[PDB]
2 protein chains.
Amino acid sequence: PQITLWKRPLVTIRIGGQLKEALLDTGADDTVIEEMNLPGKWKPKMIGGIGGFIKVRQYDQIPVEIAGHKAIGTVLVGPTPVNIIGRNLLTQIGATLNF
Amino acid sequence: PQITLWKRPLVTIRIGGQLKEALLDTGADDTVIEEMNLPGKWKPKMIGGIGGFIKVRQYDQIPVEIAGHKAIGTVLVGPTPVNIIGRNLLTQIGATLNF
Ligand SMILES: CC[C@H](C)[C@@H]1NC(=O)[C@@H](NC[C@@H](O)C[C@@H](Cc2ccccc2)C(=O)N[C@H]2c3ccccc3C[C@H]2O)Cc2ccc(cc2)OCCCCCNC1=O
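Residues numbered from 1 in each chain as written, not as in the entry; some residues may be left out. Chains lettered and ligands numbered in written order. Heavy atoms only, no water. Residues with missing side-chain atoms left out of burial classes, pairs and counts.

What the entry reports as its method is X-ray crystallography, with 1.85 Å given for the resolution.

Under the annotation held in the PDB entry, chain A carries the name HIV-1 PROTEASE.

Participant: Is there a simple way to explain the overall build of chain A in this structure?
Facilitator: Within chain A, the secondary structure is distributed over one helix and nine strands. In terms of C-alpha radius of gyration, chain A reaches 13 Å, essentially the compact-globule figure of 13 Å for 99 residues. Oriented by its inertia axes, the alpha-carbon framework of chain A measures out at about 40 × 30 × 20 Å. Long-range contacts, defined as pairs at least 24 residues apart, comprise 48% of the intrachain contacts of chain A with a sequence gap of at least 6. (Helix = DSSP H or I, 4+ residues; strand = E, 2+ residues; numbered from the N terminus. Rg over C-alpha atoms; globule rule 2.2 N^0.38 Å. Contact = heavy atoms within 4.5 Å.)

Participant: Can you help me understand the interface of chain B and chain A in this one?
Facilitator: The parts lose accessible area when they come together, and the size of an interface is often stated as this lost area. With 36 residues of chain B in contact, the opposing surface of chain A contributes 37 residues. Summed over both sides, the interface of chain B with chain A buries roughly 3,600 Å², with 62% coming from carbon and sulfur. The three residues of chain B that bury the most area against chain A are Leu5, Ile50 and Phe99 of chain B, which together make up 26% of that side's buried surface. Connecting chain B to chain A are two salt bridges. The partner of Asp29 of chain B in a salt bridge is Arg8 of chain A, and the shortest N-O contact between them spans 2.8 Å. The interface formed by chain B and chain A contains 20 residue pairs in polar contact. Among the elements of the structure, β1 (2–3), β3 (18–24), β6 (53–66), α1 (87–90) and β9 (96–98) of chain B are those that each provide at least two residues to the side of chain B that touches chain A. (Buried area = accessible area lost by both parts, 1.4 Å probe. Salt bridge = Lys/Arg side-chain N within 4 Å of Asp/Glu carboxyl O. Polar contact = N/O pair within 3.5 Å; in protein donor to acceptor, adjacent residues only side chain to side chain.)

Participant: I'm lost on the packing of aromatic side chains in this one. Help?
Facilitator: Two descriptors summarise a pair of aromatic rings, namely the distance from one centre to the other and the angle between the planes of the rings. Going through the model one piece at a time under the given rule, you end up with zero aromatic pairs over all chains. Here the basic side chain of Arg57 of chain A rests over the ring of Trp42 of chain A, its NZ or CZ set 4.3 Å away from the ring centre. (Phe/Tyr/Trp six-rings, centres within 6.5 Å; stacked < 30°, edge-to-face > 60°. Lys NZ or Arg CZ within 6 Å of the ring centre and 35° of its normal.)

Participant: Help me understand the relation of the copies chain B and chain A in this model?
Facilitator: Between the two copies of this chain, the relationship is a rotation about some axis together with a displacement along it. With an RMSD of 0.4 Å, the operation that places chain B on chain A is a rotation of 178 degrees combined with a shift of 0.0 Å along the axis. Considering both components of the superposition, the chain copies are consistent with a two-fold axis. Comparing interface residues between copies, 100% of those in chain B also lie at the interface in chain A; the contact surface is shared. (Least-squares fit on C-alpha atoms.)

Participant: How do you make sense of the pattern of salt bridges when you look at a structure like this?
Facilitator: Side chains that differ in charge, positive against negative, can pair when their charged atoms come close. Under the definition given, this model contains five salt bridges over all chains. Across the salt bridge formed by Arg57 of chain B and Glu35 of chain B, the nearest N and O atoms sit 2.9 Å from each other. Note that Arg57 of chain B is positioned in strand β6 and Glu35 of chain B in the loop between β4 (32–34) and β5 (43–48), a separation of 22 residues in sequence. Judged by relative accessible area, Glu35 of chain B falls into the exposed class, the value being 53%. Through salt bridges that share partners, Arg8 of chain A together with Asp29 and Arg87 of chain B make up one connected network. (Buried < 20%, exposed > 50% of the residue type's maximum accessible area, 1.4 Å probe, protein only.)

Encoded structure:
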């Protein structure tokens, strides 16, 4: 689908059997979801953005369905203001910026 | 043009007579430019991102040319690690997300 940017590009995703709303973020290298219980082993990690660095739990090969499109990749879980879909998963569903 | 997301979506912009490299960010509500001496009156502001908040100076009606696309709007100047072109300016150049 073609998404204009007048409003925040928030879409419904499905992860861990749960449906959530996430922001399609082209400025985020990785995908960071709000604290939740995800199956499997996780590795402590530190990511940085605007405002500072935060500690996250890194999960690998996590299946995520974005607007009906399937992706399987790394998902970081931590104290984020909003669920973010980064370039690691955006490239999987073939998302591009057009103008 | 069509920009893929394998790497960070960096483009050349023109602001205040200077050519800069900025990141096309669909996850940013506003546009944040690295510290530069822009003339005119500004309003102090605090924007929140991933690791917290940072203080910026808000300039309005600033002309910014994005890859040959003339746009004009609010620009926040602060200690950002990278120039960020937000939705306020992306909507003006007709930018969309497609997948
Ligand atoms: C610059 C971003 C502005 C300040 C902010 N947006 C973000 O921070 C949004 N994402 C910001 C990123 O697109 C910016 C982008 C800028 C950058 C780029 C390269 C190197 C350093 C910093 C970044 O942080 N990127 C980092 C990131 C984010 C998530 C996961 C991994 C990583 C790694 C790194 O790329 C998420 C958000 C947060 C609070 C929100 C709403 C959305 O509250 C609600 C809105 C609050 C007011 C509006 N604020 C925003 O739109």
